[PDB]
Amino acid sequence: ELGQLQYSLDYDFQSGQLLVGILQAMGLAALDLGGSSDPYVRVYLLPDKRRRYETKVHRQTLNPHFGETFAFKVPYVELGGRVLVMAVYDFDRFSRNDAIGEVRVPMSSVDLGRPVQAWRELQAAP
């Protein structure tokens, strides 16, 4: 049980940018021995691994409220070949940050004629 993430997708057709809102997560796995996590989300639009953004870290919670929005410049015609990755991590002070899980959204599975808001279960990295 890794939890789930609520996100929004909004394609701004005038600017040619995909707006990705990271709203909140719920029921996240605890990646600290004390039974909690310090969650943040790294967001990137595959296959571009260079343009990556990270939310603020939230302290000791498995139900973080993020309220972040990032965007990626991508022509609408190319969008179906992109895969959005929202990778949820647990920030640590004394060791590497820990993967909690990720949500992968093949953009071909979304219709962005109008904006969408959805929940998806976190999965282990492939």
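Each residue number is its position in the shown sequence, starting from 1.
Comparing 47-55 with 34-42, the stretch with the higher mean C-alpha B-factor in the PDB entry is 47-55. In this entry, 108-116 shows the higher mean Cα temperature factor of the pair 108-116 and 21-29. Ranked against the other modelled residues of its chain, the C-alpha B-factor of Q6 as given in the entry falls in the middle third. In the PDB entry, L79 places in the highest third of its chain by CA B-factor.
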